[PDB]
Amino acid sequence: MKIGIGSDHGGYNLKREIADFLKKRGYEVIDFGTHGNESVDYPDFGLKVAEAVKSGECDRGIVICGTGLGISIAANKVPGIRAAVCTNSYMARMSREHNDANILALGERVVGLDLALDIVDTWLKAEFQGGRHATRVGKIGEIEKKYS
């Protein structure tokens, strides 16, 4: 499965580390930048990732900034995107099992590298559980439809 990855300059080093981790594990990775330490705007990169997931060019995405917060708020503006800011593996698992998140958000300034790899590992392996969780995900879809 193809993973889209993106960051601002606040998530760029952790992005390089996760790109490396993902390839070693045999995922195909599309990197939407940013491509250096220059100051950039997290919404641009959140959008590239979220649009790639929306359009099926990626199956899922990972977005990284200092805290994860800005880039995932932005990613969540896109209809059909469910971006989950996770700071431990329990949140990562539930974001798959309950919320069927198709974007994982991370904060390079909040979680250390090995904690972030545990989180990414957990999230890639967890599976949506349907049932009442599909019903609730539909109700997120109803919000999107209301403001569309």
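Numbers follow the displayed sequence, beginning with 1.
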Self-check item: Per the entry, higher mean C-alpha B factor between 82-90 and 25-33
Solution: 25-33
Practice problem: Name the higher of the two by mean Cα B-factor in the PDB entry, 100-108 versus 37-45. | Solution: 37-45
Practice problem: Sort the modelled residues of this chain by their C-alpha B factor and say whether residue 70 lands in the lowest, middle or highest third. | Solution: lowest
Quiz prompt | Third of chain Cα B-factors occupied by residue 50 | solution = middle
Self-check item: Chain-wide C-alpha B factor ranking for residue 64, given as lowest, middle or highest third
Solution: middle
Exercise. Going by the recorded CA B-factors, say which third of the chain residue 141 sits in, lowest, middle or highest.
Key: lowest
